[PDB]
Amino acid sequence: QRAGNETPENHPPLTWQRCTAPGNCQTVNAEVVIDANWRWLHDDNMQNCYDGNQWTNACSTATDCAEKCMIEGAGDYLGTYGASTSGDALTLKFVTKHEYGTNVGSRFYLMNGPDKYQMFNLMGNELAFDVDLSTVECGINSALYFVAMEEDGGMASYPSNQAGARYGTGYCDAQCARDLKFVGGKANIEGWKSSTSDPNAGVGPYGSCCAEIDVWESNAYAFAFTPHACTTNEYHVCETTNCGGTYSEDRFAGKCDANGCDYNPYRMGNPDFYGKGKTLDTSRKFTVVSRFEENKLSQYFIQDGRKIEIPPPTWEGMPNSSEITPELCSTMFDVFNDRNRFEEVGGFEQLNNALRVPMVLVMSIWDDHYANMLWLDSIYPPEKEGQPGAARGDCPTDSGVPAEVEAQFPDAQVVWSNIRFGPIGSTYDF
Ligand SMILES: OC[C@H]1O[C@@H](O[C@H]2[C@H](O)[C@@H](O)[C@H](O)O[C@@H]2CO)[C@H](O)[C@@H](O)[C@@H]1O
């Protein structure tokens with residue numbers, strides 16, 4: 001797709017630091033840019049090509065659409081999509097209300113200049129950030145994470161995209177981003193499945209699939225640490241009944257892991273750990289360092305100056321420890337007694353490879369039309385309840401329903417700041 005001209009793109013300037021030693025870091029003045037989907041698409045006569053949750057007759061196919069339409073810059077980033085930037089701190093507004101419309105959710109990428117993404121090496125390193133999801137409630141998910149995107153964002157691999165990463169094109173992830181309006185640079189118009197309750201979203205024949213390290217999924221009531229691998233951690237387009245995750249007829253029919261190996265302290269049996277007023281009090285800001293090593297991923301907290309470890313899981317059969325090693329991803333599923341997606345795509349070895357795939361970092365907020373975040377913060381799946389890993393959060397099984405959550409908690413906001421990176425031991429001396 002071509003780049004628009006009715007509205008210049010201006011990336012909000014964000015700082016993060018490259019460390020070598022624990023208190024040996026500095027100033028990298030990168031930037032951020034919201035995803036392609038959140039962006040105006042129209043031709044040269046300025047009729048839309050996307051309206052509501054339907055492509056226009058201003059278009060027609062996967063290909064011609066890419067020629068004749070152009071995506072635009074986002075105007076203001078606060079009045080339109082509630083994106084707030086200041087120094088290191090990056091803030092996101094659940095529900096932005098603006099004179100012309102009402103946006104819910106945003107998903108960004110830390111950058112490297114306005115033309116590329118700040119790519120991260122993962123294997124042998126650890127991330128740090130300070131988050132205050134104090135006002136993030138059930139049904140919401142405030143997300144920080146990596147996904148093996150392409151640097152220039154598909155502009156190169158996919159010439160048709162001549163707007164690329166500069167305009168936050170190229171998102172992929174272990175579901176396969178069926179809902180985006182471009183994949184590989186040729187549209188999803190060809191039979192776009194619209195959502196009955198998401199007037200702006202939809203689904204299209206192709207996905208965009210790749211490595212998805214889910215450092216941060218959460219709210220003020222729970223959190224999960226989720227690495228997911230695929231049989232092609234490298235960015236790739238799938239095909240229709242051969243796309244996975246949640247936008248599809250069969251979740252597990254992808255070349256990737258839709259669920260993966262997840263560590264949620266509440267799901268592993270510790271309902272006293274996380275929350276407002278809990279041990280790891282979620283009524284404010286803390287730091288959450290996460291750790292990537294050969295067959296091991298560690299996550300730890302920093303709050304009120306203190307080292308909070310993450311408690312191990314209670315259940316019989318599970319290893320005596322919180323880390324995400326092959327060990328955990330051998331028993332949790334057989335106890336949680338579910339389809340071991342992880343295993344079938346080729347276990348922790350595959351995850352190893354993926355931990356060498358250079359990926360892009362994202363911060364974001366969104367509601368869950370398909371399962372209203374219950375997977376993250378309630379009892380999921382309902383079907384029964386009372387079973388190991390059934391309960392993930394303290395949040396009622398009522399919550400999530402985007403409309404209700406969107407209407408009642410609209411000042412909802414998450415703040416990402418003080419992102420710190422470098423080899424293990426380098427970002428905090430813990
Ligand atoms: O629901 C989408 C969500 O799935 C997450 O894995 C879930 C999964 O939804 C459910 O089928 C399984 O039984 O439980 C796991 C634990 O939540 C996945 O981790 C997310 O990436 C995804 O958005």
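We number each residue from 1, following the sequence as shown. All ligand and atom numbering here is 1-based and tracks the order in the structure. These numbers come from the heavy atoms of this one structure, side chains and all, not from hydrogens, waters or symmetry mates.
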Are any of the N/O atoms on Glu212, whether in the backbone or the side chain, positioned under 3.5 angstrom from an N/O atom of ligand 1? no

To which protein heavy atom is atom 10 (C) of ligand 1 closest, and what is the distance rounded to 0.1 Å? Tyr380 CE2, 3.7 Å

Quiz item: cation-pi between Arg107 and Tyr171, 6.0 Å / 45°: yes

Which value, rounded to the nearest 0.5 Å, describes the distance between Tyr158 atom OH and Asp152 atom CG? 11.0 Å

Is the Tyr50 to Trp192 ring centre distance short of 6.0 Å? yes

Which atoms of ligand 1 are found less than 4.0 Å from any heavy atom of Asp262? 16 (C)

Atom 4 (O) of ligand 1 sits nearest the protein heavy atom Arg251 NH2, 2.6 Å

Centroid-to-centroid, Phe120 to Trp16, below 6.0 Å? yes

The answer for which part of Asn259 has a heavy atom under 4.0 Å from ligand 1 is both

Ligand 1 contact by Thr246, heavy-atom criterion under 4.0 angstrom: no

Go through ligand 1 atom by atom and flag the ones less than 4.0 Å from a non-hydrogen atom of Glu217. 19 (O), 20 (C), 21 (O)

For the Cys pair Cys243 and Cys238, is the SG-SG distance shorter than 2.5 Å? yes

Under the salt bridge (charged side-chain N to carboxylate O under 4.0 Å, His left out) criterion, do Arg284 and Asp304 qualify, and how do the steps go? CA-CA 10 Å; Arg284 8 113 140 292; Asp304 286 33; 3.5 Å; yes

Atom 18 (C) of ligand 1: which protein heavy atom is closest, and how many Å away? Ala258 O, 3.5 Å

So, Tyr370 versus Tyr247, ring centres under 6.0 angstrom or not? yes

Can you report which non-hydrogen protein atom sits closest to atom 15 (C) of ligand 1, along with the distance? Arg392 NH1, 4.0 Å

Considering only the protein, which heavy-atom contact is closest to atom 17 (O) of ligand 1, and what is its distance? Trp375 CE3, 3.2 Å

Nearest non-hydrogen protein atom to atom 21 (O) of ligand 1, with distance, is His228 CE1, 3.3 Å

